[PDB]
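To keep things clear, I will list the structure first and then write my remarks on it.
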There are 2 protein chains.
Amino acid sequence: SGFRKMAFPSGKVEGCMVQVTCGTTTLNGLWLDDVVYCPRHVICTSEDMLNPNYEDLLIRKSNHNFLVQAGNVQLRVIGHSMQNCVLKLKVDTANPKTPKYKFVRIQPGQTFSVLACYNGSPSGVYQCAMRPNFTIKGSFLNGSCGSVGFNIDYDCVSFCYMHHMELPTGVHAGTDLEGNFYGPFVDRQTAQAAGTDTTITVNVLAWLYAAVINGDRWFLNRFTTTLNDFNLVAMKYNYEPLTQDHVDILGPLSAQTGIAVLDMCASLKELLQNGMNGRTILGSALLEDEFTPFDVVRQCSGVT
Amino acid sequence: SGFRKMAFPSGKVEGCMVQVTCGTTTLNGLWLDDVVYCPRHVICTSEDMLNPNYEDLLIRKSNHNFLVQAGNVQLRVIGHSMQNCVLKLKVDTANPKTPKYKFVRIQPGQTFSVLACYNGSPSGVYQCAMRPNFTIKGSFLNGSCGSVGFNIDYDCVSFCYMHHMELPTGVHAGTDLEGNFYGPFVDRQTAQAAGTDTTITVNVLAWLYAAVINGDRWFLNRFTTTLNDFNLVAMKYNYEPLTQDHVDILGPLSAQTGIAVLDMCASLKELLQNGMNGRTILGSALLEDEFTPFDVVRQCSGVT
Ligand SMILES: *C(=N)[C@H](C[C@@H]1CCNC1=O)NC(=O)[C@H](CC(C)C)NC(=O)c1ccc(-c2cccc3nn(C)cc23)cc1
Ligand SMILES: *C(=N)[C@H](C[C@@H]1CCNC1=O)NC(=O)[C@H](CC(C)C)NC(=O)c1ccc(-c2cccc3nn(C)cc23)cc1
């Protein structure tokens, strides 16, 4: 028993991290087969990052201007091309540790594990949710760019995120593995603002199910509600709309705990208009919206 | 920037996890060199676990009664011996993925990463602090036994914990890699109580430094205090004594942020007798004592 923020085992992704150095800028790359992926601002100086022309910068670079290193061995760059905000370097050697992988573009509200790397070497792992405003609340220092977010399906590593930027508010923004940013952000050292953020309602209800599973039950009331009456109450507190697709995802969790989905909604409706009144849920004085329904089942059933 | 609960990269430990099956009980083992380590209650039935005689049970077992499997290959057990609460099986093959490792017995207040495994395969990773009452607040299902806690020093994996038990209160208890339990617990399905727990004061002050590092500063006052005057206030709130060794560990953190250690103590003294008054620190309405000083420096300097 017990409930914790849990990240995927990072072993498979660790064997793919390489260091990329162009001139003086150094960051991390993703080495799958004989192609290395990294943010395209590897080729910028400190002074180009405030308004760069990545097409111009990439012209003046030959294959030899890029220094890819896996461990204490160098990998020879044979070609290079840019796909949106991601650079792609073809190397003369395919990674013998390459796992079965996929390139997915995740949706807001979904979670993933972040392997924070520096100089092509891992430093830690944690879990992040893609906010409704297409940001993530991560923990990245200088040189962390190139670190990847991922999910694991049995044996297939699903890469979904690559770190690029930190916003003035402290949150972070990045792209998928095709160079396409999440949200209306650009890779440029300039002031940018994210949209106003909302609370992921489904993740809150799933967190309440993990609460009931682990014995926290003081918030369950005898009432039920309809889906529409819950939405009109939840929105004045800036909670995301609950749709029928959402109730359907919460289905199996509602079956394991015996609590109807709309009964848990009536409990959340009471939580928002009454507060917690000095009590905590899962040792937390605040509600939590960074646990998807799939995350809860994984921790409470052991997917492995 | 940003601050998150961060676990070590679990790649090295992943290559050491094997499945151990004795008769019908199945759990996880630690395969380093040609020796596999696992909890000794692998040899119990469901009915023996309420008051087992592990010496008696181990007699009636030959080398062949143990089924060690790494992936889809079987490892042949050549010898077996028990060291306290840990079983040791000698196999005819040494793990080619064996890392540089050490067996350490950590102190209360220190943290480590937990690789939760089932059927010899990893399912997730998270960070845990060894409580002052020698328990840990983990997340373990049935069959998780044999999962190990560890810390990584550059290239050396320091194993310090092996999961054994869940207490009636939901917390968890285990041993080091020599079979020696942390605290006054025994491997037996019977009601046991841990000592009354306390708040790790040093970890709280280090968490406040990470707060200041990341811009959270509303709690810093203009006052200072002496170490003894802080301890007399902190203890009525069940906070651990702050000793000179403790101020010395917080030293380098106090140097990076420019705040004297005893100035941060005067701020914590004000926090305990006045509360937070509706404000949060690091997005948390509660104080946090599961971040050691070393954890904070790692996340705010990138040890890698
Ligand atoms: C990648 N190596 C690095 C990681 C990033 C920087 C350190 N922490 C992080 O999360 N990414 C960058 O350095 C990136 C490079 C560009 C994409 C070319 N730049 C930024 O992440 C960045 C953008 C914008 C600002 C910025 C601008 C105006 C005002 C302002 N106020 N704050 C606070 C930040 C501001 C800073 C950094
Ligand atoms: C290891 N495979 C397993 C993991 C453990 C069980 C599931 N979640 C966990 O954390 N460990 C065991 O099954 C272990 C085996 C013994 C060491 C032989 N037993 C327990 O972990 C355990 C001990 C005691 C109790 C128990 C006893 C009396 C009252 C009571 N009230 N609650 C709540 C638990 C109680 C249960 C389980």
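In the structure tokens, chains take letters A, B, ... by order of appearance, with residues numbered from 1 within each chain and ligands from 1 in the order shown.
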>> Using only C-alpha atoms, I'd like every residue of chain A that has an atom within 7 Å of chain B; please write them out as a ChimeraX atom specification.
In response: /A:1-11,14,118,121-126,138-141,170,285,302-304
Chain A post-superposition (all in-order Cα pairs with chain B) as a CSV table (one decimal) with C-alpha atoms, in the first residue's frame:
```csv
chain,number,residue,atom,x,y,z
A,1,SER,CA,14.9,26.2,-12.3
A,2,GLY,CA,12.1,24.5,-10.5
A,3,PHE,CA,12.1,22.0,-7.6
A,4,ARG,CA,10.8,18.5,-7.7
A,5,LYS,CA,11.0,15.2,-5.8
A,6,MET,CA,13.8,13.5,-7.8
A,7,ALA,CA,14.9,9.9,-7.9
A,8,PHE,CA,18.2,8.6,-9.1
A,9,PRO,CA,18.5,7.0,-12.6
A,10,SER,CA,17.6,3.4,-12.1
A,11,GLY,CA,19.4,1.9,-15.1
A,12,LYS,CA,22.2,0.2,-13.2
A,13,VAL,CA,19.9,-1.3,-10.6
A,14,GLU,CA,17.5,-2.5,-13.3
A,15,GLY,CA,20.2,-4.9,-14.7
A,16,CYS,CA,20.5,-6.6,-11.3
A,17,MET,CA,16.8,-7.4,-10.6
A,18,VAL,CA,15.9,-11.1,-10.9
A,19,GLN,CA,12.8,-13.1,-10.0
A,20,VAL,CA,13.1,-15.6,-7.1
A,21,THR,CA,10.5,-18.4,-6.8
A,22,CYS,CA,10.6,-21.0,-4.0
A,23,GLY,CA,7.7,-23.4,-4.3
A,24,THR,CA,4.8,-21.0,-4.7
A,25,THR,CA,6.1,-17.7,-3.1
A,26,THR,CA,7.5,-15.3,-5.7
A,27,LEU,CA,9.4,-12.1,-5.1
A,28,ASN,CA,12.4,-10.1,-6.3
A,29,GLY,CA,16.1,-10.7,-5.8
A,30,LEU,CA,19.3,-8.6,-6.2
A,31,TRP,CA,21.9,-10.3,-8.5
A,32,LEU,CA,25.4,-8.9,-8.0
A,33,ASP,CA,28.3,-11.0,-9.2
A,34,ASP,CA,27.3,-14.7,-8.8
A,35,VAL,CA,25.2,-14.1,-5.6
A,36,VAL,CA,21.5,-13.3,-5.4
A,37,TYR,CA,20.0,-11.5,-2.4
A,38,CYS,CA,16.3,-11.7,-1.4
A,39,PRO,CA,14.2,-11.6,1.7
A,40,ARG,CA,14.3,-15.0,3.5
A,41,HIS,CA,10.5,-15.3,3.7
A,42,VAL,CA,10.7,-16.5,0.1
A,43,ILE,CA,10.7,-20.0,1.6
A,44,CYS,CA,7.4,-19.5,3.6
A,45,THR,CA,4.0,-20.6,2.7
A,46,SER,CA,1.0,-18.4,3.3
A,47,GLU,CA,0.4,-20.2,6.6
A,48,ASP,CA,4.0,-20.1,7.9
A,49,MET,CA,4.3,-16.3,7.7
A,50,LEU,CA,2.3,-15.7,11.0
A,51,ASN,CA,5.1,-17.2,13.1
A,52,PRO,CA,7.8,-18.8,10.9
A,53,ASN,CA,11.0,-20.7,11.9
A,54,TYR,CA,13.2,-19.7,9.0
A,55,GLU,CA,16.0,-22.0,10.2
A,56,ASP,CA,13.6,-25.0,10.1
A,57,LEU,CA,12.2,-23.9,6.8
A,58,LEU,CA,15.6,-23.5,5.2
A,59,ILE,CA,16.7,-27.1,6.2
A,60,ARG,CA,14.1,-28.8,4.0
A,61,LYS,CA,15.3,-26.8,0.9
A,62,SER,CA,18.0,-27.9,-1.5
A,63,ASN,CA,19.6,-25.7,-4.2
A,64,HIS,CA,17.0,-26.9,-6.7
A,65,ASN,CA,14.0,-25.7,-4.7
A,66,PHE,CA,14.9,-22.1,-5.7
A,67,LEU,CA,13.9,-20.8,-9.2
A,68,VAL,CA,16.0,-17.7,-10.1
A,69,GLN,CA,15.1,-16.2,-13.5
A,70,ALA,CA,16.7,-13.2,-15.3
A,71,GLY,CA,14.6,-12.5,-18.3
A,72,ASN,CA,13.7,-15.6,-20.2
A,73,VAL,CA,16.7,-17.5,-19.0
A,74,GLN,CA,17.1,-19.6,-15.8
A,75,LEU,CA,20.0,-19.2,-13.5
A,76,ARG,CA,21.2,-22.4,-11.8
A,77,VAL,CA,21.4,-22.2,-8.0
A,78,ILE,CA,24.7,-23.7,-6.8
A,79,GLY,CA,24.6,-22.8,-3.1
A,80,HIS,CA,22.5,-21.0,-0.6
A,81,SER,CA,23.0,-19.5,2.9
A,82,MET,CA,21.1,-17.1,5.2
A,83,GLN,CA,22.5,-13.9,6.6
A,84,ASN,CA,20.1,-12.5,9.3
A,85,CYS,CA,16.8,-11.8,7.4
A,86,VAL,CA,18.4,-11.9,3.9
A,87,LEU,CA,18.8,-15.1,1.8
A,88,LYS,CA,21.9,-15.5,-0.3
A,89,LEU,CA,21.9,-17.8,-3.4
A,90,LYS,CA,25.2,-18.6,-5.2
A,91,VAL,CA,24.5,-19.0,-8.9
A,92,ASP,CA,26.7,-20.6,-11.6
A,93,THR,CA,26.8,-17.3,-13.6
A,94,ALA,CA,27.9,-13.8,-12.5
A,95,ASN,CA,25.7,-10.9,-13.7
A,96,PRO,CA,27.5,-9.3,-16.6
A,97,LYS,CA,25.6,-6.1,-15.8
A,98,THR,CA,26.9,-6.0,-12.2
A,99,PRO,CA,27.8,-2.4,-11.4
A,100,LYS,CA,30.3,-1.0,-8.9
A,101,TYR,CA,28.4,-1.3,-5.6
A,102,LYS,CA,28.6,-0.9,-1.9
A,103,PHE,CA,26.6,-2.1,1.1
A,104,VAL,CA,25.8,0.8,3.4
A,105,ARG,CA,23.6,1.2,6.5
A,106,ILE,CA,22.1,4.6,6.2
A,107,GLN,CA,21.1,6.9,9.2
A,108,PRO,CA,17.6,8.2,10.0
A,109,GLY,CA,16.8,11.4,8.0
A,110,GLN,CA,18.8,10.3,4.9
A,111,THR,CA,17.0,9.7,1.6
A,112,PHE,CA,17.3,7.1,-1.1
A,113,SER,CA,15.6,6.0,-4.3
A,114,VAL,CA,13.3,3.0,-4.4
A,115,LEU,CA,13.0,0.8,-7.5
A,116,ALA,CA,9.6,-0.9,-7.0
A,117,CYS,CA,9.7,-4.3,-8.8
A,118,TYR,CA,7.3,-7.2,-9.3
A,119,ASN,CA,8.2,-10.6,-10.8
A,120,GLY,CA,11.8,-9.5,-11.1
A,121,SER,CA,10.8,-6.6,-13.4
A,122,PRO,CA,10.8,-2.9,-12.6
A,123,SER,CA,7.5,-1.0,-12.3
A,124,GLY,CA,8.5,2.5,-11.1
A,125,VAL,CA,11.0,4.6,-9.1
A,126,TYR,CA,10.5,7.2,-6.3
A,127,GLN,CA,12.4,8.8,-3.4
A,128,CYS,CA,12.0,7.9,0.3
A,129,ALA,CA,13.4,9.2,3.5
A,130,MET,CA,14.3,6.9,6.4
A,131,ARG,CA,12.1,8.2,9.2
A,132,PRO,CA,13.4,8.9,12.7
A,133,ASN,CA,11.4,5.8,13.9
A,134,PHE,CA,13.2,3.7,11.2
A,135,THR,CA,10.2,3.4,8.8
A,136,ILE,CA,9.7,4.6,5.3
A,137,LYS,CA,6.6,5.9,3.6
A,138,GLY,CA,6.7,3.9,0.4
A,139,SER,CA,4.3,2.4,-2.1
A,140,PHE,CA,4.5,-1.4,-2.2
A,141,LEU,CA,2.0,-4.0,-3.4
A,142,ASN,CA,2.1,-7.8,-2.8
A,143,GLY,CA,5.2,-9.3,-4.3
A,144,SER,CA,7.2,-6.1,-4.1
A,145,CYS,CA,9.4,-7.7,-1.5
A,146,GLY,CA,13.0,-7.8,-2.6
A,147,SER,CA,12.8,-4.3,-4.1
A,148,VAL,CA,15.9,-2.3,-3.1
A,149,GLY,CA,16.6,1.2,-2.1
A,150,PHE,CA,19.8,2.8,-3.2
A,151,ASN,CA,21.9,5.9,-3.8
A,152,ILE,CA,24.3,6.5,-6.7
A,153,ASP,CA,27.8,8.1,-6.3
A,154,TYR,CA,29.1,8.9,-9.8
A,155,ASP,CA,29.5,5.2,-10.8
A,156,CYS,CA,29.1,3.3,-7.6
A,157,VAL,CA,25.6,2.1,-6.6
A,158,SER,CA,25.2,2.3,-2.8
A,159,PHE,CA,22.5,-0.2,-1.8
A,160,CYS,CA,21.0,0.5,1.6
A,161,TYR,CA,17.5,-0.9,1.9
A,162,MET,CA,15.5,-4.0,1.0
A,163,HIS,CA,11.7,-4.1,1.4
A,164,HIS,CA,10.2,-6.7,3.8
A,165,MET,CA,7.1,-5.5,5.5
A,166,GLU,CA,4.2,-3.1,5.8
A,167,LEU,CA,3.2,-2.0,9.2
A,168,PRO,CA,-0.5,-1.8,10.3
A,169,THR,CA,-0.3,2.0,10.0
A,170,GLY,CA,0.5,1.8,6.2
A,171,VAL,CA,4.3,2.6,6.5
A,172,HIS,CA,6.9,0.1,5.5
A,173,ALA,CA,9.9,-1.5,7.1
A,174,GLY,CA,12.9,-3.4,5.7
A,175,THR,CA,16.5,-4.4,6.2
A,176,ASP,CA,19.9,-3.5,4.9
A,177,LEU,CA,21.7,-5.9,2.5
A,178,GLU,CA,23.1,-7.9,5.4
A,179,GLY,CA,19.6,-8.9,6.7
A,180,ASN,CA,19.6,-6.4,9.6
A,181,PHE,CA,16.2,-4.7,10.0
A,182,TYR,CA,16.0,-0.9,10.4
A,183,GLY,CA,14.3,-0.5,13.8
A,184,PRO,CA,12.8,-3.0,16.2
A,185,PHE,CA,10.9,-5.0,13.6
A,186,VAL,CA,10.8,-8.7,12.7
A,187,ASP,CA,9.8,-10.5,9.5
A,188,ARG,CA,6.6,-12.0,10.8
A,189,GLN,CA,2.9,-11.4,9.9
A,190,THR,CA,2.0,-10.0,13.4
A,191,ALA,CA,0.9,-6.6,14.7
A,192,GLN,CA,3.9,-4.3,15.3
A,193,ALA,CA,4.1,-0.6,16.2
A,194,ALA,CA,6.8,1.9,15.3
A,195,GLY,CA,8.0,4.5,17.7
A,196,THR,CA,6.4,8.0,17.6
A,197,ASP,CA,7.8,9.9,14.7
A,198,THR,CA,9.5,13.3,14.6
A,199,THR,CA,10.2,15.9,12.0
A,200,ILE,CA,13.7,16.0,10.5
A,201,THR,CA,14.7,19.6,11.2
A,202,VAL,CA,17.8,19.7,8.9
A,203,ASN,CA,15.7,18.5,6.0
A,204,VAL,CA,13.2,21.2,6.7
A,205,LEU,CA,15.9,24.0,6.7
A,206,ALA,CA,17.4,22.6,3.5
A,207,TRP,CA,13.9,22.6,1.9
A,208,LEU,CA,13.7,26.3,2.9
A,209,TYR,CA,17.0,27.0,1.1
A,210,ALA,CA,15.7,25.3,-2.1
A,211,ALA,CA,12.6,27.6,-1.5
A,212,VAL,CA,14.8,30.8,-1.4
A,213,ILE,CA,16.9,29.5,-4.4
A,214,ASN,CA,13.7,29.3,-6.4
A,215,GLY,CA,12.3,32.7,-5.5
A,216,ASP,CA,10.0,31.8,-2.5
A,217,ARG,CA,11.1,34.3,0.1
A,218,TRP,CA,8.1,35.7,2.0
A,219,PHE,CA,9.1,33.8,5.2
A,220,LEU,CA,12.5,35.3,5.6
A,221,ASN,CA,12.5,37.7,8.5
A,222,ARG,CA,15.1,40.2,9.7
A,223,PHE,CA,15.8,38.3,12.9
A,224,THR,CA,18.4,35.8,14.0
A,225,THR,CA,18.5,33.4,16.9
A,226,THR,CA,20.9,31.2,18.8
A,227,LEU,CA,21.0,27.5,18.3
A,228,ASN,CA,19.7,26.7,21.8
A,229,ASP,CA,16.9,29.2,21.7
A,230,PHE,CA,15.7,27.6,18.4
A,231,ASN,CA,15.8,24.1,19.9
A,232,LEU,CA,13.6,24.9,22.8
A,233,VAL,CA,11.0,26.3,20.5
A,234,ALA,CA,11.2,23.6,17.9
A,235,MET,CA,10.8,20.7,20.3
A,236,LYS,CA,7.3,21.6,21.5
A,237,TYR,CA,6.3,21.1,17.8
A,238,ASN,CA,8.2,17.7,17.8
A,239,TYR,CA,11.1,18.8,15.6
A,240,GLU,CA,14.4,17.1,15.8
A,241,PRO,CA,17.3,18.7,17.8
A,242,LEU,CA,19.6,20.9,15.7
A,243,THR,CA,23.2,20.1,16.6
A,244,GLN,CA,26.5,21.7,15.5
A,245,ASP,CA,27.1,18.8,13.1
A,246,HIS,CA,23.7,19.7,11.5
A,247,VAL,CA,24.6,23.4,11.1
A,248,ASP,CA,27.9,22.2,9.5
A,249,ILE,CA,26.1,20.1,6.9
A,250,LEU,CA,23.9,23.1,6.0
A,251,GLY,CA,27.0,25.2,5.6
A,252,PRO,CA,27.6,25.1,1.8
A,253,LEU,CA,23.9,25.8,1.2
A,254,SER,CA,24.0,28.8,3.5
A,255,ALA,CA,27.0,30.0,1.5
A,256,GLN,CA,25.3,29.7,-1.9
A,257,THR,CA,22.2,31.6,-0.9
A,258,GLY,CA,23.9,34.2,1.4
A,259,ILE,CA,21.6,33.4,4.4
A,260,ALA,CA,23.3,32.4,7.6
A,261,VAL,CA,22.1,29.1,9.0
A,262,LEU,CA,20.9,30.7,12.2
A,263,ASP,CA,19.0,33.3,10.2
A,264,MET,CA,17.0,30.5,8.5
A,265,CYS,CA,16.5,29.0,11.9
A,266,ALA,CA,14.9,32.3,13.1
A,267,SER,CA,12.6,32.1,10.1
A,268,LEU,CA,11.6,28.5,10.9
A,269,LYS,CA,11.0,29.4,14.5
A,270,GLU,CA,8.5,32.0,13.3
A,271,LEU,CA,6.9,29.5,10.9
A,272,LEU,CA,6.2,27.0,13.7
A,273,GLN,CA,4.6,29.4,16.2
A,274,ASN,CA,2.7,31.4,13.6
A,275,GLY,CA,1.8,29.0,10.7
A,276,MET,CA,1.8,30.0,7.1
A,277,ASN,CA,-1.2,32.3,7.2
A,278,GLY,CA,-2.7,31.1,3.9
A,279,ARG,CA,0.6,31.1,2.0
A,280,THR,CA,2.4,28.2,0.5
A,281,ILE,CA,6.1,27.3,0.1
A,282,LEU,CA,7.1,25.7,-3.1
A,283,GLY,CA,3.4,25.2,-3.9
A,284,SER,CA,2.9,23.3,-0.6
A,285,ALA,CA,0.7,24.2,2.3
A,286,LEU,CA,2.8,22.0,4.6
A,287,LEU,CA,6.5,22.0,5.5
A,288,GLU,CA,8.6,19.2,4.0
A,289,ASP,CA,11.3,17.2,5.8
A,290,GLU,CA,12.2,14.6,3.1
A,291,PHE,CA,14.9,16.6,1.3
A,292,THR,CA,18.4,16.3,2.7
A,293,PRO,CA,20.9,19.1,2.2
A,294,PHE,CA,22.7,16.9,-0.4
A,295,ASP,CA,19.4,16.4,-2.3
A,296,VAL,CA,19.0,20.2,-2.5
A,297,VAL,CA,22.5,20.8,-3.8
A,298,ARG,CA,22.1,18.0,-6.4
A,299,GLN,CA,19.0,19.5,-7.9
A,300,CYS,CA,20.3,23.1,-7.7
A,301,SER,CA,23.8,22.4,-9.0
A,302,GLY,CA,23.5,19.3,-11.3
A,303,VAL,CA,25.8,16.6,-9.9
A,304,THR,CA,25.1,14.1,-12.7
```
>> I need the residues of range 1-80 of chain A that end up classed as strand (DSSP E or B) by DSSP on the backbone, written out as a PyMOL selection string.
In response: chain A and resi 7+17-22+25-32+35-39+66-70+73-75+77-80
Using DSSP secondary structure from the backbone, list all helix (DSSP H, G or I) positions within range 36-285 of chain A, as a PDB file with C-alpha atoms, in the first residue's frame.
```pdb
ATOM      1  CA  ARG A  40      18.343  23.125 -32.784  1.00  0.00           C
ATOM      2  CA  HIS A  41      19.671  25.951 -30.588  1.00  0.00           C
ATOM      3  CA  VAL A  42      22.780  23.795 -30.109  1.00  0.00           C
ATOM      4  CA  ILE A  43      24.218  25.842 -32.995  1.00  0.00           C
ATOM      5  CA  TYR A  54      18.364  28.854 -37.302  1.00  0.00           C
ATOM      6  CA  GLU A  55      18.345  28.378 -41.084  1.00  0.00           C
ATOM      7  CA  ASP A  56      21.177  30.896 -41.469  1.00  0.00           C
ATOM      8  CA  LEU A  57      23.122  29.377 -38.565  1.00  0.00           C
ATOM      9  CA  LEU A  58      22.748  25.836 -39.919  1.00  0.00           C
ATOM     10  CA  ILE A  59      24.199  26.784 -43.334  1.00  0.00           C
ATOM     11  CA  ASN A  63      29.057  17.572 -40.423  1.00  0.00           C
ATOM     12  CA  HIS A  64      32.315  18.026 -38.493  1.00  0.00           C
ATOM     13  CA  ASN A  65      31.182  21.075 -36.492  1.00  0.00           C
ATOM     14  CA  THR A 201     -10.595  17.634 -13.214  1.00  0.00           C
ATOM     15  CA  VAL A 202     -10.187  13.984 -14.252  1.00  0.00           C
ATOM     16  CA  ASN A 203      -6.789  13.782 -12.572  1.00  0.00           C
ATOM     17  CA  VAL A 204      -8.333  15.190  -9.382  1.00  0.00           C
ATOM     18  CA  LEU A 205     -11.058  12.531  -9.325  1.00  0.00           C
ATOM     19  CA  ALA A 206      -8.504   9.788 -10.007  1.00  0.00           C
ATOM     20  CA  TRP A 207      -6.420  11.117  -7.111  1.00  0.00           C
ATOM     21  CA  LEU A 208      -9.513  10.853  -4.904  1.00  0.00           C
ATOM     22  CA  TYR A 209      -9.895   7.208  -5.953  1.00  0.00           C
ATOM     23  CA  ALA A 210      -6.294   6.510  -4.947  1.00  0.00           C
ATOM     24  CA  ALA A 211      -7.234   8.240  -1.690  1.00  0.00           C
ATOM     25  CA  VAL A 212     -10.176   5.892  -1.087  1.00  0.00           C
ATOM     26  CA  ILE A 213      -8.044   2.908  -2.122  1.00  0.00           C
ATOM     27  CA  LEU A 227     -22.656  15.618 -14.736  1.00  0.00           C
ATOM     28  CA  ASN A 228     -23.993  19.022 -15.800  1.00  0.00           C
ATOM     29  CA  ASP A 229     -24.692  20.194 -12.240  1.00  0.00           C
ATOM     30  CA  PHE A 230     -21.115  19.277 -11.305  1.00  0.00           C
ATOM     31  CA  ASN A 231     -19.659  21.243 -14.224  1.00  0.00           C
ATOM     32  CA  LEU A 232     -21.482  24.479 -13.367  1.00  0.00           C
ATOM     33  CA  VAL A 233     -20.075  24.320  -9.830  1.00  0.00           C
ATOM     34  CA  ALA A 234     -16.570  23.215 -10.830  1.00  0.00           C
ATOM     35  CA  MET A 235     -16.007  25.979 -13.390  1.00  0.00           C
ATOM     36  CA  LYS A 236     -16.290  28.915 -10.979  1.00  0.00           C
ATOM     37  CA  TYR A 237     -13.225  27.344  -9.318  1.00  0.00           C
ATOM     38  CA  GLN A 244     -18.613  11.658 -21.053  1.00  0.00           C
ATOM     39  CA  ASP A 245     -15.251  10.545 -22.446  1.00  0.00           C
ATOM     40  CA  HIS A 246     -13.822  11.558 -19.068  1.00  0.00           C
ATOM     41  CA  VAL A 247     -16.365   9.573 -17.040  1.00  0.00           C
ATOM     42  CA  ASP A 248     -15.585   6.621 -19.319  1.00  0.00           C
ATOM     43  CA  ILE A 249     -11.852   6.743 -18.538  1.00  0.00           C
ATOM     44  CA  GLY A 251     -14.831   3.755 -15.330  1.00  0.00           C
ATOM     45  CA  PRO A 252     -12.538   0.887 -14.310  1.00  0.00           C
ATOM     46  CA  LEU A 253     -11.336   2.832 -11.258  1.00  0.00           C
ATOM     47  CA  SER A 254     -14.955   3.379 -10.204  1.00  0.00           C
ATOM     48  CA  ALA A 255     -15.453  -0.379 -10.584  1.00  0.00           C
ATOM     49  CA  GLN A 256     -12.507  -1.383  -8.384  1.00  0.00           C
ATOM     50  CA  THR A 257     -13.520   0.889  -5.487  1.00  0.00           C
ATOM     51  CA  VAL A 261     -18.122   8.230 -10.866  1.00  0.00           C
ATOM     52  CA  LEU A 262     -20.905  10.751 -10.251  1.00  0.00           C
ATOM     53  CA  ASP A 263     -20.842   9.960  -6.523  1.00  0.00           C
ATOM     54  CA  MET A 264     -17.169  10.964  -6.431  1.00  0.00           C
ATOM     55  CA  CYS A 265     -18.165  14.094  -8.367  1.00  0.00           C
ATOM     56  CA  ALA A 266     -20.671  14.976  -5.641  1.00  0.00           C
ATOM     57  CA  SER A 267     -17.814  14.612  -3.151  1.00  0.00           C
ATOM     58  CA  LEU A 268     -15.536  16.871  -5.208  1.00  0.00           C
ATOM     59  CA  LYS A 269     -18.360  19.400  -5.580  1.00  0.00           C
ATOM     60  CA  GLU A 270     -18.559  19.549  -1.780  1.00  0.00           C
ATOM     61  CA  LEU A 271     -14.766  19.848  -1.503  1.00  0.00           C
ATOM     62  CA  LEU A 272     -14.544  22.942  -3.711  1.00  0.00           C
ATOM     63  CA  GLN A 273     -17.324  24.973  -2.056  1.00  0.00           C
ATOM     64  CA  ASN A 274     -16.425  23.950   1.522  1.00  0.00           C
TER      65      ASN A 274
END
```
